[PDB]
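**Student:** First the structure, which I've put down as structure tokens, then a few questions once you've had a look.
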RNA sequence: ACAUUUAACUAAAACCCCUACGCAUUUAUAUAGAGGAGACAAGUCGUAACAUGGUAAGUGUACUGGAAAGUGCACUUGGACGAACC
Ligand SMILES: [K+]
Ligand SMILES: [K+]
Ligand SMILES: [K+]
Ligand SMILES: [Mg+2]
Ligand SMILES: [Mg+2]
Ligand SMILES: [Mg+2]
Ligand SMILES: [Mg+2]
Ligand SMILES: [Mg+2]
Ligand SMILES: [Mg+2]
Ligand SMILES: [Mg+2]
Ligand SMILES: [Mg+2]
Ligand SMILES: [Mg+2]
């Protein structure tokens, strides 16, 4: 069954470390879909204010 | 509500009421639902305060606004006015 994957930047500390790290994780799953030849369909994508990700949703 | 009797050549016998409490009063627990306060985050919106915080802040009171808060009158310094003259 297909997976609707969602990543959210947890509110645990100051700065954009949580939001910046979310972008890296989201790119990791997107690249992992290509490695497994999986179709990666973007559903939601809300970038942060410092080149990061607040929350993102995608379908694999 | 309720009666002084019997007996008395030594002296004794007899004596025995019925009405209250209604889930009425008093104090708590449990709550359909409606809110508050503290803790917490960093999410969302703005930047009110702390420097003359960029409208100096605040008190009382009134009205208004998503939200801090905004404005009127009076008061306070828990602000300043640069401290000879020019
Ligand atoms: K908040
Ligand atoms: K003010
Ligand atoms: K002040
Ligand atoms: Mg209740
Ligand atoms: Mg301000
Ligand atoms: Mg001024
Ligand atoms: Mg201003
Ligand atoms: Mg001000
Ligand atoms: Mg005032
Ligand atoms: Mg007031
Ligand atoms: Mg006004
Ligand atoms: Mg006016």
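Residue numbers (full-length UniProt numbering): 183 to 242.
Beta carbons are placed, not taken as given, at the ideal position from N, Cα and C, and that holds for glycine.
Applying the criterion that 16 or more other CB atoms from any shown protein chain within 10 Å of the CB defines a buried residue, is residue 204 buried or exposed?
**Tutor:** So residue 204 counts as buried.
**Student:** Can you give me the start and stop residues for the alpha helix (DSSP H) that residue 194 sits inside?
**Tutor:** Segment: none, residue 194 is in no alpha helix (DSSP H) and carries neither H nor E.
**Student:** Return the chain-ordered list of same chain residues with a C-beta closer than 7 Å to the C-beta of residue 224, the five sequence neighbours on each side being excluded.
**Tutor:** 240
**Student:** Determine the extent of the alpha helix (DSSP H) in which residue 213 is found, giving its start and end residues.
**Tutor:** 199 to 217 is the span of the alpha helix (DSSP H), which, as asked, contains residue 213.
**Student:** Report back the beta-carbon spacing between residue 201 and residue 230 to the nearest angstrom; my notes put them in contact at under 8 Å.
**Tutor:** 4 Å
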